[PDB]
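Beneath this line is the structure, given in structure tokens, with notes to follow.
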Amino acid sequence: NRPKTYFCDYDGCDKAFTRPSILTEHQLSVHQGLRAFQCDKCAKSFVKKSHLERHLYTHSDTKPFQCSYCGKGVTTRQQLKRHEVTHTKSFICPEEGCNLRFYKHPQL
DNA sequence: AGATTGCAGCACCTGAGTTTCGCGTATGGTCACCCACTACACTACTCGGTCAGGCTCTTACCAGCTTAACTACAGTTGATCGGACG
Ligand SMILES: [Zn+2]
Ligand SMILES: [Zn+2]
Ligand SMILES: [Zn+2]
Ligand SMILES: [Zn+2]
């Protein structure tokens, strides 16, 4: 919506941003080499609250997305969708007019 | 010097210029969520080479003979070869 009208000034940086706090998040993270959210359970650190929140689940068994078929736990919707698509007849015969459909790619 | 009258002084209701304000309307700004793309390391089924098993084909025969060619003996002549020349 609103136009990108805050330009990073550093040598060899191309980026422009919508609102000045975001330009500052970029500058402190990329160019100065500082981060604002530390893991309690390992050495790593993160640039956003949502990124530390994802990393915190990785230290735990009670992972926040749970499979509808097998009940395996995962941390975000992309992982869930890819995993659940393995519980489907995903693959299709690529050859002309052939009707068949398959569950594991080596079968196809 | 009184009957007629104006000045103008008192008080209280009122009006605008000026101000402060509330909202619309709309605009830049915070920040929280969750999505897309990327990617190092991984999961797992198939293909592929190799091997055995054991069923399978096809050979060619023994000494002799009897149909078939070689395989040695044998003689004057080549032209690379040694090793020395230019
Ligand atoms: Zn930059
Ligand atoms: Zn950690
Ligand atoms: Zn599952
Ligand atoms: Zn097919």
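Chain labels A, B, ... are given in the sequence in which chains occur in the structure tokens; within each chain residues are numbered consecutively from 1, and ligands are likewise numbered from 1 in the order shown.
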Using only C-alpha atoms (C1' of nucleotides) and all ligand atoms, which residues have at least one atom no more than 9 Å from ligand 3? Output them as a short mmCIF file (atom, residue, chain, number, x, y, z; two decimals) with N, CA, C and O atoms, in the first residue's frame.
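Writing the result to out_24.cif gives the following:
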data_model
loop_
_atom_site.label_atom_id
_atom_site.label_comp_id
_atom_site.auth_asym_id
_atom_site.auth_seq_id
_atom_site.Cartn_x
_atom_site.Cartn_y
_atom_site.Cartn_z
N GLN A 66 -0.01 -29.76 15.02
CA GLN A 66 -0.11 -31.21 15.19
C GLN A 66 -0.81 -31.83 13.98
O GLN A 66 -1.82 -31.30 13.52
N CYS A 67 -0.28 -32.94 13.47
CA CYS A 67 -0.76 -33.57 12.24
C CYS A 67 -2.18 -34.13 12.39
O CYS A 67 -2.53 -34.74 13.41
N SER A 68 -3.02 -33.92 11.37
CA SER A 68 -4.40 -34.43 11.35
C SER A 68 -4.49 -35.92 11.01
O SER A 68 -5.50 -36.55 11.32
N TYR A 69 -3.45 -36.51 10.40
CA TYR A 69 -3.43 -37.93 10.02
C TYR A 69 -2.67 -38.78 11.04
O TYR A 69 -3.26 -39.65 11.68
N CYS A 70 -1.36 -38.54 11.19
CA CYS A 70 -0.46 -39.37 11.99
C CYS A 70 -0.25 -38.84 13.42
O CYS A 70 0.14 -39.59 14.31
N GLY A 71 -0.55 -37.56 13.66
CA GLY A 71 -0.37 -36.90 14.95
C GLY A 71 1.06 -36.42 15.25
O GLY A 71 1.32 -36.02 16.39
N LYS A 72 1.99 -36.44 14.29
CA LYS A 72 3.34 -35.87 14.45
C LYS A 72 3.28 -34.35 14.65
O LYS A 72 2.46 -33.67 14.05
N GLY A 73 4.15 -33.81 15.51
CA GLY A 73 4.21 -32.38 15.82
C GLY A 73 5.17 -31.61 14.91
O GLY A 73 6.23 -32.12 14.56
N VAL A 74 4.81 -30.38 14.54
CA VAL A 74 5.63 -29.45 13.73
C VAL A 74 5.47 -28.00 14.22
O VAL A 74 4.58 -27.69 15.01
N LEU A 80 3.70 -28.32 8.36
CA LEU A 80 2.48 -29.11 8.47
C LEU A 80 1.93 -29.46 7.09
O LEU A 80 1.66 -30.63 6.83
N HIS A 83 4.27 -32.01 5.19
CA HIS A 83 4.13 -33.27 5.90
C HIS A 83 2.78 -33.94 5.62
O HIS A 83 2.75 -35.10 5.21
N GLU A 84 1.66 -33.24 5.77
CA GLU A 84 0.34 -33.77 5.48
C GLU A 84 0.15 -34.13 4.01
O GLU A 84 -0.50 -35.13 3.72
N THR A 86 2.39 -35.59 2.28
CA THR A 86 2.90 -36.97 2.17
C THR A 86 1.82 -38.02 2.48
O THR A 86 1.86 -39.13 1.95
N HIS A 87 0.80 -37.66 3.26
CA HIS A 87 -0.38 -38.48 3.55
C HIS A 87 -1.49 -38.27 2.49
O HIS A 87 -2.68 -38.25 2.80
#
Return as an NGL selection string the residues belonging to chain B that are within 7 Å of chain A, counting only C-alpha atoms (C1' of nucleotides).
-> :B and (29 or 45-46)
For ligand 4, list the contacting residues at 7 Å or closer, counting only C-alpha atoms (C1' of nucleotides) and all ligand atoms, as a ChimeraX atom specification.
-> /A:93-95,98-100
With N, CA and C atoms kept, could you save the residues just selected as a CSV table (one decimal), in the first residue's frame?
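Contents of result_28.csv, as written:
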chain,number,residue,atom,x,y,z
A,93,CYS,N,1.0,-39.4,-13.1
A,93,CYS,CA,1.7,-39.9,-14.3
A,93,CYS,C,1.9,-38.7,-15.3
A,94,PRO,N,3.1,-38.3,-15.6
A,94,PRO,CA,3.4,-37.2,-16.5
A,94,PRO,C,3.2,-37.5,-18.0
A,95,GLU,N,3.1,-38.8,-18.4
A,95,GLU,CA,3.0,-39.2,-19.8
A,95,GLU,C,1.6,-39.0,-20.4
A,98,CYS,N,-2.3,-40.8,-19.7
A,98,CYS,CA,-2.2,-41.9,-18.7
A,98,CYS,C,-2.9,-41.4,-17.4
A,99,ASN,N,-3.7,-42.3,-16.9
A,99,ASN,CA,-4.6,-41.9,-15.8
A,99,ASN,C,-4.1,-42.0,-14.4
A,100,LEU,N,-3.1,-42.8,-14.1
A,100,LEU,CA,-2.7,-43.2,-12.7
A,100,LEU,C,-2.0,-42.1,-11.9
Protein and nucleic acid residues within 6 Å of ligand 1 (only C-alpha atoms (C1' of nucleotides) and all ligand atoms) as a list in words =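 Written in the requested form, the residues are residues 8, 10, 13, 15 and 27 of chain A.
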Which residues of chain A come within 12 Å of ligand 2, and what is each one's closest atom pair and distance in Å (one decimal), counting only C-alpha atoms and all ligand atoms, sorted by chain and residue number, as JSON lines?
{"residue": "A:37", "atom": "CA", "partner": "ligand 2", "partner_atom_place_in_ligand_line": "1 (Zn)", "distance": 10.7}
{"residue": "A:38", "atom": "CA", "partner": "ligand 2", "partner_atom_place_in_ligand_line": "1 (Zn)", "distance": 7.9}
{"residue": "A:39", "atom": "CA", "partner": "ligand 2", "partner_atom_place_in_ligand_line": "1 (Zn)", "distance": 4.4}
{"residue": "A:40", "atom": "CA", "partner": "ligand 2", "partner_atom_place_in_ligand_line": "1 (Zn)", "distance": 6.2}
{"residue": "A:41", "atom": "CA", "partner": "ligand 2", "partner_atom_place_in_ligand_line": "1 (Zn)", "distance": 4.7}
{"residue": "A:42", "atom": "CA", "partner": "ligand 2", "partner_atom_place_in_ligand_line": "1 (Zn)", "distance": 3.9}
{"residue": "A:43", "atom": "CA", "partner": "ligand 2", "partner_atom_place_in_ligand_line": "1 (Zn)", "distance": 6.3}
{"residue": "A:44", "atom": "CA", "partner": "ligand 2", "partner_atom_place_in_ligand_line": "1 (Zn)", "distance": 5.7}
{"residue": "A:45", "atom": "CA", "partner": "ligand 2", "partner_atom_place_in_ligand_line": "1 (Zn)", "distance": 7.8}
{"residue": "A:46", "atom": "CA", "partner": "ligand 2", "partner_atom_place_in_ligand_line": "1 (Zn)", "distance": 9.9}
{"residue": "A:51", "atom": "CA", "partner": "ligand 2", "partner_atom_place_in_ligand_line": "1 (Zn)", "distance": 11.0}
{"residue": "A:52", "atom": "CA", "partner": "ligand 2", "partner_atom_place_in_ligand_line": "1 (Zn)", "distance": 8.4}
{"residue": "A:53", "atom": "CA", "partner": "ligand 2", "partner_atom_place_in_ligand_line": "1 (Zn)", "distance": 10.2}
{"residue": "A:54", "atom": "CA", "partner": "ligand 2", "partner_atom_place_in_ligand_line": "1 (Zn)", "distance": 9.8}
{"residue": "A:55", "atom": "CA", "partner": "ligand 2", "partner_atom_place_in_ligand_line": "1 (Zn)", "distance": 6.1}
{"residue": "A:56", "atom": "CA", "partner": "ligand 2", "partner_atom_place_in_ligand_line": "1 (Zn)", "distance": 6.3}
{"residue": "A:57", "atom": "CA", "partner": "ligand 2", "partner_atom_place_in_ligand_line": "1 (Zn)", "distance": 8.9}
{"residue": "A:58", "atom": "CA", "partner": "ligand 2", "partner_atom_place_in_ligand_line": "1 (Zn)", "distance": 7.3}
{"residue": "A:59", "atom": "CA", "partner": "ligand 2", "partner_atom_place_in_ligand_line": "1 (Zn)", "distance": 6.6}
{"residue": "A:60", "atom": "CA", "partner": "ligand 2", "partner_atom_place_in_ligand_line": "1 (Zn)", "distance": 10.3}
Those same residues, written as an mmCIF file, in the first residue's frame with N, CA, C and O atoms?
data_model
loop_
_atom_site.group_PDB
_atom_site.id
_atom_site.type_symbol
_atom_site.label_atom_id
_atom_site.label_comp_id
_atom_site.auth_asym_id
_atom_site.auth_seq_id
_atom_site.Cartn_x
_atom_site.Cartn_y
_atom_site.Cartn_z
ATOM 1 N N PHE A 37 17.041 -10.426 20.462
ATOM 2 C CA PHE A 37 16.269 -11.493 21.083
ATOM 3 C C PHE A 37 17.122 -12.772 21.189
ATOM 4 O O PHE A 37 17.476 -13.366 20.178
ATOM 5 N N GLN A 38 17.505 -13.189 22.394
ATOM 6 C CA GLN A 38 18.448 -14.289 22.665
ATOM 7 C C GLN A 38 17.728 -15.587 23.094
ATOM 8 O O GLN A 38 16.826 -15.530 23.929
ATOM 9 N N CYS A 39 18.145 -16.753 22.580
ATOM 10 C CA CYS A 39 17.647 -18.060 23.027
ATOM 11 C C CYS A 39 18.030 -18.321 24.488
ATOM 12 O O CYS A 39 19.158 -18.060 24.912
ATOM 13 N N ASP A 40 17.085 -18.817 25.282
ATOM 14 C CA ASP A 40 17.342 -19.207 26.670
ATOM 15 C C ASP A 40 18.123 -20.526 26.781
ATOM 16 O O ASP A 40 18.734 -20.803 27.815
ATOM 17 N N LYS A 41 18.067 -21.371 25.744
ATOM 18 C CA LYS A 41 18.497 -22.777 25.794
ATOM 19 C C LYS A 41 19.706 -23.092 24.911
ATOM 20 O O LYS A 41 20.319 -24.145 25.108
ATOM 21 N N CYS A 42 20.110 -22.191 24.020
ATOM 22 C CA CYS A 42 21.348 -22.279 23.241
ATOM 23 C C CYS A 42 21.959 -20.891 22.957
ATOM 24 O O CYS A 42 21.535 -19.873 23.504
ATOM 25 N N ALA A 43 23.036 -20.843 22.175
ATOM 26 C CA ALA A 43 23.808 -19.623 21.945
ATOM 27 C C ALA A 43 23.148 -18.612 20.978
ATOM 28 O O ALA A 43 23.474 -17.425 21.017
ATOM 29 N N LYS A 44 22.251 -19.059 20.094
ATOM 30 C CA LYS A 44 21.692 -18.278 18.975
ATOM 31 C C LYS A 44 20.890 -17.043 19.408
ATOM 32 O O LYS A 44 20.377 -16.969 20.523
ATOM 33 N N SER A 45 20.725 -16.092 18.489
ATOM 34 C CA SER A 45 19.917 -14.883 18.683
ATOM 35 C C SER A 45 19.229 -14.445 17.391
ATOM 36 O O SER A 45 19.649 -14.831 16.303
ATOM 37 N N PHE A 46 18.169 -13.645 17.501
ATOM 38 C CA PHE A 46 17.195 -13.375 16.444
ATOM 39 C C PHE A 46 16.869 -11.882 16.306
ATOM 40 O O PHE A 46 17.078 -11.095 17.226
ATOM 41 N N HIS A 51 10.586 -14.511 15.440
ATOM 42 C CA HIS A 51 11.670 -15.443 15.149
ATOM 43 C C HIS A 51 12.198 -16.107 16.416
ATOM 44 O O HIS A 51 12.443 -17.311 16.394
ATOM 45 N N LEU A 52 12.284 -15.389 17.539
ATOM 46 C CA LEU A 52 12.606 -16.026 18.819
ATOM 47 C C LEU A 52 11.475 -16.953 19.267
ATOM 48 O O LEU A 52 11.739 -18.066 19.706
ATOM 49 N N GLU A 53 10.218 -16.559 19.081
ATOM 50 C CA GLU A 53 9.091 -17.444 19.353
ATOM 51 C C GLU A 53 9.155 -18.762 18.590
ATOM 52 O O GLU A 53 8.976 -19.819 19.196
ATOM 53 N N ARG A 54 9.466 -18.751 17.291
ATOM 54 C CA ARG A 54 9.649 -20.012 16.568
ATOM 55 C C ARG A 54 10.795 -20.822 17.128
ATOM 56 O O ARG A 54 10.652 -22.024 17.320
ATOM 57 N N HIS A 55 11.923 -20.197 17.402
ATOM 58 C CA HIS A 55 13.071 -20.929 17.887
ATOM 59 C C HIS A 55 12.828 -21.570 19.253
ATOM 60 O O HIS A 55 13.245 -22.705 19.477
ATOM 61 N N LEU A 56 12.093 -20.910 20.152
ATOM 62 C CA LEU A 56 11.743 -21.462 21.459
ATOM 63 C C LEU A 56 10.993 -22.794 21.359
ATOM 64 O O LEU A 56 11.320 -23.724 22.096
ATOM 65 N N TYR A 57 10.065 -22.959 20.410
ATOM 66 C CA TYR A 57 9.412 -24.252 20.227
ATOM 67 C C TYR A 57 10.402 -25.373 19.899
ATOM 68 O O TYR A 57 10.181 -26.505 20.320
ATOM 69 N N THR A 58 11.508 -25.098 19.205
ATOM 70 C CA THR A 58 12.472 -26.133 18.797
ATOM 71 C C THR A 58 13.155 -26.834 19.968
ATOM 72 O O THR A 58 13.639 -27.952 19.816
ATOM 73 N N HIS A 59 13.155 -26.230 21.153
ATOM 74 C CA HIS A 59 13.671 -26.834 22.381
ATOM 75 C C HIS A 59 12.637 -27.684 23.152
ATOM 76 O O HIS A 59 12.894 -28.087 24.285
ATOM 77 N N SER A 60 11.465 -27.963 22.579
ATOM 78 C CA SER A 60 10.317 -28.539 23.292
ATOM 79 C C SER A 60 9.623 -29.650 22.504
ATOM 80 O O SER A 60 9.664 -29.666 21.274
#
Please, which residues of region 48-102 of chain A, numbered as in this document, come out strand (DSSP E) from DSSP, as a list in words?
-> residues 65, 66, 73, 74, 91, 92, 101 and 102 of chain A
Selection from above, C-alpha atoms, as an mmCIF file, in the first residue's frame, can you write it?
data_model
loop_
_atom_site.group_PDB
_atom_site.id
_atom_site.type_symbol
_atom_site.label_atom_id
_atom_site.label_comp_id
_atom_site.auth_asym_id
_atom_site.auth_seq_id
_atom_site.Cartn_x
_atom_site.Cartn_y
_atom_site.Cartn_z
ATOM 1 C CA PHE A 65 1.027 -27.536 15.014
ATOM 2 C CA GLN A 66 -0.109 -31.212 15.194
ATOM 3 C CA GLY A 73 4.212 -32.380 15.823
ATOM 4 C CA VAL A 74 5.630 -29.448 13.735
ATOM 5 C CA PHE A 91 2.163 -37.618 -7.634
ATOM 6 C CA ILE A 92 0.580 -37.983 -11.153
ATOM 7 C CA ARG A 101 -1.702 -41.443 -9.442
ATOM 8 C CA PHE A 102 0.887 -42.362 -6.726
#
So which residues of chain A fall under helix (DSSP H, G or I) by DSSP, listed as number ranges by chain?
-> A: 20-32, 49-57, 77-86
Do you have the CA of residue 12 (chain A)-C1' of residue 31 (chain B) distance handy?
->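 Value for the CA of residue 12 (chain A)-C1' of residue 31 (chain B) distance: 28.5 Å.
Across the model, the gap from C1' of residue 33 (chain B) to CA of residue 47 (chain A) is 15.0 Å.
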Residue 16 (chain A) environment, 6 Å, only C-alpha atoms (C1' of nucleotides), sequence neighbours closer than 3 positions dropped, as a list in words | residues 4, 6 and 7 of chain A
Selection from above, N, CA and C atoms, as a CSV table (one decimal), in the first residue's frame, can you write it?
chain,number,residue,atom,x,y,z
A,4,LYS,N,7.5,2.8,-0.5
A,4,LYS,CA,8.8,2.6,0.1
A,4,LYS,C,9.7,3.9,-0.2
A,6,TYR,N,12.1,5.3,2.4
A,6,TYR,CA,13.2,5.4,3.4
A,6,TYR,C,14.3,4.5,2.9
A,7,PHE,N,15.4,5.1,2.4
A,7,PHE,CA,16.4,4.4,1.7
A,7,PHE,C,17.6,4.2,2.6
Figure out the distance between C1' of residue 38 (chain B) and CA of residue 31 (chain A), please, to one decimal in Å.
->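 Between CA of residue 31 (chain A) and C1' of residue 38 (chain B) the gap works out to 21.3 Å.
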